Structure formats: C-alpha cells, structure tokens
Amino acid sequence: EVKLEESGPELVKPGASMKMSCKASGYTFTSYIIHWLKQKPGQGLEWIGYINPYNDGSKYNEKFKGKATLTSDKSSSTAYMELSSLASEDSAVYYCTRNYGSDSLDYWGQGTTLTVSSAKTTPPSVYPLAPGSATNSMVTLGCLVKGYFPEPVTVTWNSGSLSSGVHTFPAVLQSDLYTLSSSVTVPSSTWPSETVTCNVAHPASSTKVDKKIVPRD
Amino acid sequence: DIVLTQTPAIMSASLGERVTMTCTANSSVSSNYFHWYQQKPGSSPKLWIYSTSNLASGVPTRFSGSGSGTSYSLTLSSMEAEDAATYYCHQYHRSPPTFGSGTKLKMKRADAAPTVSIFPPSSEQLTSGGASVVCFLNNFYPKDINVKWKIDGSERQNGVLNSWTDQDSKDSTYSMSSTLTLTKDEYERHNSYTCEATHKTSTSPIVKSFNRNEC
Ligand SMILES: *[C@@H]1O[C@H](CO[C@@H]2O[C@@H](C)[C@@H](O)[C@@H](O)[C@@H]2O)[C@@H](O)[C@H](O)[C@H]1NC(C)=O
Ligand SMILES: [K+]
C-alpha cells in the first residue's frame, strides 16, 4: 500500500521558519515527483513546488521560490518543506501528494496544519455537557472543548449514539483561544446507565482528555 | 498561473437528478493534463478524474468528465448522498499548476425542524471563573437558522460563539452549536438562560431553557 505520512500540527512564531516532513512508503520513492500544496480555510489549493527525489531537483511557484525550500532524504524516503520568514497569512493546511500519470495527484498525505501566531500553545479544558435537572426516548449529551491553541483537536466518543447522532462542530477562534463542541444523541435507557465518554486529543500540546459525562446531582 | 474559474460556486441537487459543473481556463490547456478532485470537510482531496475523462480507481461510474481547449465539465448522471462535496479542477499544462476555486455541491432534502438541547455550565468549568451555557440545534434543513439568547427575558448578544457542521453523511441535515460564555460572577447574577431558534419549519421559535433554581 502506498502511504504518504505527514508530520504533526505546529505553531510557529512570526518571523521564524517551519520545516515539515512527508514520509513515503510502499513504492519506489525515487521514481515519483512529490508536490507540496497550500490550502487556507475555505479556499482552494495553491501549489508551492515539487521535489524530484531521483535527482534532488526542485521546481517552485515563482511566488514561493524565496520562501520555500523543498528537500528530500533518500536514506529515509522522506521529503521536506521549509517555509521561511513566516507571517500570519502562511497559516494553512499543507499537503504533500504524489505525481502520477499525466501529472495527476494520486496519493495524498493527511495534511499538516500550520498556524503562525504570536499566541502561546495551550492545552484544552474539556467540560461535560449533561442535561439540567428538568426525559424523552433519546437524550443528547455533549462536551465543550475550550481554551486551546492551535488547531486541531480531535473528538471521539464512547457511546450508544444513533444514526446521524454524532456532531462535532468546527472550532471557533476568539482571543487566541479556540472553542469547539461535540454532541452525541443516545437512547435514554443507555445513559446514565452505560458510561459515555468524550475523548479529546490536542497533538500540538501533546495532551489528551478522557471526560466522562456524569449526570448532574 | 493559469486562472481556472469554476461555476457554479455553490449548487444543490435532489437525489437522482443530473448535475453538471464547469471549469473555464483563461488559457488553452491540453486535455491530457486536466484533472478533477473531490474534497470533503476535514479530509484530503481525492483524485476523481484524470486526463479529462478517465475515472480514478474506486470512483462511481455515475461520474464523467469532458472538455478541451478552455472549457471542461464534470457531470454526475444521478445525484447521490455521498456526492455532496467540493470539486476542484486542475491544469498542469504549464508550471505552476493551478486549481479551481471549487464547486460546492450540496444535497437538497426535505425540510427538518431542529431538535434543541440546552446545557448549563459544568461544575468543573465553574472553578475556572468562567461559565458557558451551550445550546445544540441538531438535524435541521435548510441551513438557514437564527439563534437568540435570553437571560431573564432580555436578549444577550455578547459572548456567543456559533458553529455549524456541514451536511451529515447519512441524513444530509445541518447541525449548529451555540455557546454563551460569561464570567462566573455574571452567570450567577441571573436565573434563566433560554436559547431560541427561528427556522422555516415552525412559525414559533423552537426553544429550551435552564434555570439555576431547578439545579
Ligand atoms: C481570468 O478570467 C476571468 C473571467 O473572465 C472571463 O473569462 C476569461 C477566460 C475571458 O474570456 C474574459 O474575457 C471573460 O470575461 C477574469 O475576471 C480575470 O480577470 C482573468 N484573470 C487574468 C489574470 O487575466
Ligand atoms: K475519565
């Protein structure tokens, strides 16, 4: 199986640089060009450049030829992109992707979320959302994920959720801290009987949270 | 950097309907180096069509592509639920390769009223000196909705964060979260917190309230 595995999310300060990686496996690394692209939230894709790991040659979007440097390490089958002298508008998801026949992009990395900001990396506070003491055949519960920076966070539930019963809302930024929420709708015979837990990961701070939804006493 | 303009930018289709979207290039591009991608929220793009009209591995046969010169199209013979996504065109006739702004294809479905749920601040949050009241408005259609917060009968507008999911993979409805955040001191000066939803499915708001004296 062909896989492109990108490095994790990072926060970088304005004026500094970032280097991210794209680890290739399952095929002959040196036989295929790898492209690097940028995608801002709610925008299309912008091409930065490519690396040819066969001859170490890289080609650049003229816009990026100063800022970007693409390299590869044959020893580890890994391509890298360095972006220098960063500013807030370099904040985006960056993809590596393999050049296939007629220069279509067939396999893609999962994306690396880069945030450029003066703010501090902060882990999330996670709070249980349980109904107020005031039930239907279904009950909605949730968790509120507050006070973290940067993106992303992931939320996974342990629950008896029904069809279309799990909703995790895109985060909203306010004052250098994100708020995210997630709801789960479960049959009322399953809770508080069976344990329901909201599992939050924040890779940028190397933290997780396993929050149990306890009924209000 | 050859500009590619995709139209329409946004469109909706009911199940079973034919859908065509176009991509117009500002310069001629060889059909051998024109490709399409599909992207769903939170996921990487997927190669969808290569060299104008060849389907990528796993792409349903209801899709096709055509074009030459500056005018290209992706056609879907029968709209299905899993086809709601953003579609991007791509030219590699010249360096740098460029991509379209996207056509976001949505699924039309029957109107659905929001199911509203309200939650008080957790005891855990109350130790932080903040207090959030959360309102979920789940599984509604269409997307158009207005949410109002009332604190002891008066509208509250400050400290409200709203977020919407994109169409649910299974039932194609939207959901929304509304979080009112106050200081703990401000939170404890009021009794009742009400989230009120106005949606086309009801002439009356769909509302839920929490009061501090009941809990
Ligand atoms: C690219 O094209 C955009 C749309 O213009 C229309 O389509 C192009 C291909 C021409 O046929 C033009 O006469 C049409 O009105 C423009 O809005 C845009 O400015 C163009 N961009 C550049 C950089 O030239
Ligand atoms: K726990």
Side-chain angles (χ1 to χ4, degrees), chain A residues 35 37 39 43-50 59-64 93 95 97 99-111 125-134 138-142 144 146-147 152 163-165 167-172 174 179-183 185 211 216, chain B residues 1 6 32-33 35 37 39 41-47 49-51 56-57 86 88 90 92 95-102 115 117-125 128 130 132 134 136 138-139 161-166 168-173 175-177 179 181 209-211 214-215:
Chain A
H35 300 279
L37 309 99
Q39 188 175 41
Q43 289 188 10
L45 292 147
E46 186 178 22
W47 182 82
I48 299 162
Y50 78 63
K59 182 75 187 184
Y60 299 84
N61 186 334
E62 286 259 353
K63 178 163 169 191
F64 287 92
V93 177
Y95 295 103
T97 181
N99 189 71
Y100 204 52
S102 324
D103 312 310
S104 55
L105 311 175
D106 65 338
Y107 288 94
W108 290 69
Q110 84 281 13
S125 300
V126 176
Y127 303 123
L129 305 177
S133 304
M138 303 275 264
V139 61
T140 302
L141 312 166
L144 176 58
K146 274 181 65 50
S163 81
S164 306
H167 305 292
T168 293
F169 300 90
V172 184
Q174 183 169 56
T179 299
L180 175 145
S181 62
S182 188
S183 76
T185 300
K211 190 60 55 176
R216 300 175 65 77
Chain B
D1 19 334
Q6 285 189 256
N32 286 334
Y33 301 92
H35 319 298
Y37 303 78
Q39 191 178 33
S43 299
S44 302
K46 297 180 195 195
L47 184 57
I49 300 185
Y50 71 92
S51 301
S57 198
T86 301
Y88 296 115
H90 167 212
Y92 219 144
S95 194
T98 56
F99 297 79
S101 31
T115 296
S117 295
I118 193 167
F119 305 85
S122 57
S123 57
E124 206 168 4
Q125 185 180 21
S128 77
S132 293
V134 177
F136 293 131
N138 283 340
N139 299 79
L161 304 179
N162 294 327
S163 183
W164 274 264
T165 53
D166 219 314
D168 184 87
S169 291
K170 196 228 75 201
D171 76 0
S172 297
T173 60
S175 291
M176 177 190 188
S177 178
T179 304
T181 301
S209 299
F210 166 81
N211 35 320
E214 294 175 354
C215 178

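The basis for the numbers below is simple: all heavy atoms, side chains too, and nothing from hydrogens, waters or symmetry mates. Here is the naming used below: chain letters follow the sequence lines, and residue numbers restart at 1 for every chain.
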* Find the distance between OG (A:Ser181) and CG (B:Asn162) and round it off to the nearest 0.5 Å. => 10.0 Å
* NE2-OG distance between B:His35 and A:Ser102, expressed to the nearest 0.5 angstrom -> 6.0 Å
* Heavy-atom closest pair, residues A:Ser164 and B:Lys170 -> OG-NZ, 3.0 Å
* To do: Report yes if the side chains of A:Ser125 and B:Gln125 come closer than 4.5 Å at any heavy-atom pair, otherwise no.
  => no
* Asked: Are any side-chain N or O atoms of A:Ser133 and backbone N or O atoms of B:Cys215, one a donor and one an acceptor, separated by less than 3.5 Å?
  -> no
* Asked: Which one, B:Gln6, B:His90, B:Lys46, leads in non-hydrogen pairs under 4.5 Å with chain A?
  -> B:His90
* Go through A:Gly132, A:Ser163, A:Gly111 and name the one with the most non-hydrogen pairs under 4.5 angstrom from chain B. => A:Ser163
* To do: Please look at A:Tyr95 and chain B and tell me whether the side chain, the backbone, both or neither of the residue comes under 4.5 angstrom of a heavy atom of that chain.
  => side chain
* Asked: What residue in A:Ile48, A:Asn61, A:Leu105 has the most heavy-atom pairs under 4.5 Å with chain B?
  -> A:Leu105
* **Option that, when pairs with chain B are counted at under 4.5 Å, heavy atom only, ranks first among A:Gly101, A:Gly44, A:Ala130** => A:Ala130
* To do: Flag the one option from B:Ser122, B:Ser95, B:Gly100 with the top tally of heavy-atom pairs under 4.5 Å to chain A.
  => B:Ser122
* In terms of side-chain heavy atoms, does A:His167 have a donor or acceptor partner in B:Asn139 at a distance below 3.5 Å? -> yes
* B:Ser177, part contacting chain A, at a heavy-atom distance under 4.5 Å -> both
* Considering non-hydrogen atoms only, spot the tightest contact between B:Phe136 and A:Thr140 and give its length. => CD1-CG2, 4.2 Å
* Checking B:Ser43 against chain A: side chain, backbone, both or neither under 4.5 Å from a heavy atom? -> backbone
* Below 4.5 Å from any heavy atom of chain A, which atoms of B:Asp168 appear? Answer side chain, backbone, both or neither. => side chain
* Asked: Side chain, backbone, both or neither: which part of A:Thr179 has an atom under 4.5 Å from a heavy atom of chain B?
  -> side chain
* Checking heavy atoms, do the side chain of A:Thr168, its backbone, both or neither come under 4.5 Å from chain B? -> backbone
* Distance from B:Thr181 atom OG1 to A:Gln174 atom CD, nearest 0.5 Å? -> 7.5 Å
* To do: Go through the atoms of B:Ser175 and report whether side chain, backbone, both or neither lie under 4.5 Å from a heavy atom of chain A.
  => both
* To do: Kindly give the heavy-atom pair with the smallest separation between A:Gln43 and B:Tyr88, and that separation in Å.
  => O-OH, 3.5 Å
* Asked: Does any heavy atom of chain B fall under 4.5 Å from the side chain of A:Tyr50, the backbone, both, or neither of them?
  -> side chain
* Looking only at heavy atoms, which two atoms of A:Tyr127 and B:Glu124 are closest? And how far apart? -> CE2-C, 3.9 Å
* Check whether B:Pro45 gets within reach of chain A through its side chain, its backbone, both or neither, counting any heavy atom under 4.5 Å. => both
* Is the CG atom of B:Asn32 crowded by more than 12 outside heavy atoms at less than 6.0 Å? -> yes
* Can you tell me if B:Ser44 uses its side chain to pair, donor with acceptor, with the backbone of A:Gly109 under 3.5 Å? -> yes
* Asked: For B:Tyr33, is it the side chain, the backbone, both, or neither that has a heavy atom closer than 4.5 Å to a heavy atom of chain A?
  -> both
* Asked: If you measure from OG on B:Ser117 to CG on A:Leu141, what distance do you get to the nearest 0.5 Å?
  -> 9.0 Å
* Proximity breakdown for B:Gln39 and chain A, heavy-atom pairs closer than 4.5 Å -> side chain
* When only pairs under 4.5 Å are counted, which of A:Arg216, A:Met138, A:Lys63 shares the most heavy-atom pairs with chain B? -> A:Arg216
* To do: List the atom of B:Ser132, the atom of A:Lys146, and the distance in Å for their closest heavy-atom pair.
  => OG-CD, 3.5 Å
* Would you say the ring centroid of A:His35 lies under 6.0 angstrom from that of B:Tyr92? -> yes
* Which pair of heavy atoms, one from B:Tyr50 and one from A:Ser104, lies closest together, and at what distance? -> CB-CB, 4.0 Å
* **Spacing of B:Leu161 atom CG and A:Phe169 atom CZ [to the nearest 0.5 Å]** => 13.5 Å
* Structure fact -> Only one of B:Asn138, B:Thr165, B:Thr115 passes side chain to side chain donor-acceptor pair (under 3.5 Å) with A:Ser183, and that residue is B:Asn138
* Structure fact -> Pair count under 4.5 Å, heavy atoms only, with chain B: among A:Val93, A:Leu37, A:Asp103, highest is A:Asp103
